[PDB]
2 protein chains.
Amino acid sequence: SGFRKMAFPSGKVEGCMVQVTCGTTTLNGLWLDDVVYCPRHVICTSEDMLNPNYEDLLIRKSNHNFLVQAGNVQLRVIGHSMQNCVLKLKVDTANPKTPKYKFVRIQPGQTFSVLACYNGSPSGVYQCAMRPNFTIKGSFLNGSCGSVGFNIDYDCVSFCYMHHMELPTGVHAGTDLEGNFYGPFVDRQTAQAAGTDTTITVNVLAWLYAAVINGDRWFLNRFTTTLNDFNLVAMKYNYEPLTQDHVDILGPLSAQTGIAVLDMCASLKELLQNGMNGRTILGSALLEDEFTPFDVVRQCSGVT
Amino acid sequence: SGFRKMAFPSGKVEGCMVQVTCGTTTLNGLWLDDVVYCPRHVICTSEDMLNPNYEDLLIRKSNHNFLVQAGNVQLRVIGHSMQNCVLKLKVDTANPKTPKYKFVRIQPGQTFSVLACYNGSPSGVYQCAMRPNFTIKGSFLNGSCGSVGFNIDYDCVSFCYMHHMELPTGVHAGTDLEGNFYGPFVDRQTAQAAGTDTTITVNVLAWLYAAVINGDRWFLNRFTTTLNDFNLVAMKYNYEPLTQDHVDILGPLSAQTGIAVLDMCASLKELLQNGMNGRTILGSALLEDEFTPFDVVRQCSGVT
Ligand SMILES: CC(=O)N[C@@H](Cc1ccc(O)cc1)C(=O)NCC#CBr
Ligand SMILES: CC(=O)N[C@@H](Cc1ccc(O)cc1)C(=O)NCC#CBr
């Protein structure tokens, strides 16, 4: 029993982290096969960041200007290219620790683990979600750029995020491993405001199922609702609309607990309208929305 | 910016996890050098668990009855001994992935990372604290026994916990790596109730400092207090007494923020007496107590 914000074991990703230096800027790289992936803003002076022309800045850079260090051993850079907002540094050595991997672009609501790194060295691991506004609420200091987000399916690491920047509101923006930003964000130190950080309704419901499985049942009530009635209340509370697809995805947790998804919706409706009244659910005083239905089943079934 | 419940990178510990089977029971082992450490209850039938005599049960066990598997490779057991509540299985092969390590016995309030494992395979990593009642609030299913808790200082893993059992209240009990239980718990399926789970005051204050550093300042007030006045309020709210030693330990965060520890105590006093009024601090609706002053400085300074 018990339910924790749980990250994937980070070992497979620790084995891929390197240091990238361009001029005075040091940040992190991901070394997979003979390619090191890093934020293209590694080439920017702090001046450049206000209005960078990456193609023009890149003309002034040669292979030998990209200093790549794996542990305390230097890698030889034999090629470099820009793909969207990432640089791909071709090195002469395949990472011997390259795991089986994929690059995936996740949807808002999806969760992943972050291995926070500084100078190519792992600092810590924590669990995040892609917010509905395409920000993530990370823990990232200056030097953490190039830190990556991932999921593991058995022995295959799906890389979904690379850390690029912090907005003036202290929320985080980054790319997939093809260098495309999540959301409308750009790698420029300009005014960029995030939109509404809505609550991931399907994730809250998953977590309420987690709570029932783990013996936390006080919030279960005598009511049901409909998708349309629930959604009226969800919109009022800046919750994402619930779709039949979400209902279908909760099907396993519905079956395991014997609680109809629309009955759990009616419980969530009352929690929104009435609050927690100083009570807690799985040790939280607010409704947690960074566990997916897949996460709750994984953690409640002990997948490795 | 940002502040997350962050675990140590688990790679160094993933490299030590093995499967231990005795008869029909499979659980996890920790392989360091040529010794595999596991809960002695691996030798128990579900019947045995009600009133086990471990010395008597162990007489019926030989080296060849302890099946140890590292990945999908079998280790040869050449010796076994009981130390307190752990078994030490001597194997013929030194773990080639043995990190630099120590066994430490932590105090209540201290935090550590858990690598939850099933069948010797890492499932996930999360952060815990030794509660004042010597329980931990983990996420552990049946098969998770032998999963370990640890801290890393640079390249040295300090192992502090091995998971042994879940109490009927779904809280967790375990040993240090010398096999001594934290608190009064025993490896028998008998009535064992935990005492008062008090709040780790110094940890709450550390986290309030974390909040100020990360721009969350609404709870800072115009008041101060004294240790004795604060402690009167702490006791009333089942908070641990604050000592001068705690004040001294917060000194770094006091200095970094310019907020006197007793001023932050007066802020915490008002939060206890008045509640959050539906507000949040670092995304929490309750006062977080599983970050140590050391954790807050580490995460706010980016130690690797
Ligand atoms: C608001 C601010 O200082 N952002 C800086 C520095 C910084 C980066 C990551 C982080 O997690 C915290 C701070 C930034 O975004 N630099 C990278 C770029 C580009 Br183009
Ligand atoms: C209440 C209950 O079923 N406890 C069992 C099974 C169990 C173990 C760990 C866990 O995390 C969840 C469940 C138990 O404590 N077995 C180990 C011993 C001894 Br001696």
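Residue numbering restarts at 1 for every chain, and letters A, B, ... go by the order of the sequence lines. Whatever order the structure lists ligands and atoms in, that order sets their numbers, starting from 1. Excluded from the calculations below are hydrogen atoms, water molecules and symmetry mates; all remaining heavy atoms, backbone and side chain alike, are included.
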**Q** Mind running side chain to side chain contact (heavy atoms under 4.5 Å, CB included) on B:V68 and B:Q19 for me, showing each step along the way?
**A** CA-CA 6 Å; B:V68 181; B:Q19 181 182 260; over 6 Å; no

**Q** Considering only heavy atoms, does A:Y54 approach ligand 1 within less than 4.0 Å through its side chain, its backbone, both, or neither?
**A** side chain

**Q** In plain terms, say whether A:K88 and A:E178 are close enough for a salt bridge, that is, a side-chain N and a carboxylate O under 4.0 Å apart.
**A** no

**Q** Specify whether the nearest protein heavy atom to atom 15 (O) of ligand 2 is under 4.0 angstrom away.
**A** yes

**Q** For the 3.5 Å polar cut-off, considering only N or O atoms, please tell me whether A:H163 and ligand 1 meet it.
**A**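 Between A:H163 and ligand 1, an N or O pair is found under 3.5 Å apart.
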
**Q** What do you reckon, are the aromatic ring centroids of A:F134 and A:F181 less than 6.0 Å apart?
**A** no

**Q** Does either side chain, that of A:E166 or that of B:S1, offer a donor lying less than 3.5 Å from an acceptor on the other one?
**A**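 Short answer, yes.
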
**Q** Going by the atom numbers of ligand 2, which of them fall below 4.0 Å from some non-hydrogen atom of B:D187?
**A**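 Ligand 2 atoms under the 4.0 Å threshold to B:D187: 20 (Br).
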
**Q** If you take the nearest heavy atom of each of A:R40, A:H41, A:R188, which one is closest to atom 18 (C) of ligand 1?
**A**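 Comparing heavy atoms across A:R40, A:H41, A:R188, the nearest one to atom 18 (C) of ligand 1 lies in A:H41.
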
**Q** Are B:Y161 and B:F112, when compared by the centres of their aromatic rings, separated by less than 6.0 Å?
**A**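 Centroid separation for B:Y161 and B:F112: below 6.0 Å.
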
**Q** Using 4.0 Å as the upper bound for N to carboxylate O, is an ion pair formed by A:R188 and A:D48?
**A**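 Salt bridge: no.
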
**Q** For atom 7 (C) of ligand 2, which protein heavy atom lies nearest, and how many Å away is it?
**A** B:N142 OD1, 3.9 Å

**Q** Does B:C145 approach ligand 2 within less than 4.0 angstrom via side chain, backbone, both or neither, non-hydrogen atoms only?
**A**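 For B:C145, the contact with ligand 2 is made by the side chain alone.
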
**Q** Would you mind running through ligand 2 and noting each atom that sits below 4.0 Å from a heavy atom of B:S144?
**A**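 It comes down to these atoms of ligand 2: 11 (O).
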
**Q** Nearest heavy atom to atom 1 (C) of ligand 2 wins, so pick from B:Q189, B:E166, B:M49.
**A** B:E166

**Q** Cation-pi between A:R4 and B:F140: NZ/CZ under 6.0 Å from ring centre and within 45° of the ring axis?
**A** no

**Q** Any protein heavy atom lying closer than 4.0 Å to atom 10 (C) of ligand 2?
**A**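 Yes; the ligand atom in question has protein heavy-atom contact below 4.0 Å.
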
**Q** Considering only protein heavy atoms, determine whether one is less than 4.0 Å from atom 4 (N) of ligand 1.
**A**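 True for atom 4 (N) of ligand 1.
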
**Q** May I ask you to establish whether B:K5 and B:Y126 are in a cation-pi arrangement, using a distance under 6.0 Å from NZ or CZ to the six-membered ring centre and at most 45° from the ring axis?
**A** no

**Q** I'd like to check which ligand 2 atoms, numbered from 1 as shown, lie under 4.0 Å from a non-hydrogen atom of B:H164.
**A**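 Listed by number with element: 17 (C), 18 (C).
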
**Q** Just by distance, no angles: are the side chains of B:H164 and B:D187 close enough, under 3.5 Å, to form a donor-acceptor pair?
**A** no

**Q** Can you list the atoms of ligand 2 that are under 4.0 Å from a heavy atom of B:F140?
**A**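 Those qualifying, in numeric order: 10 (C), 11 (O), 12 (C).
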
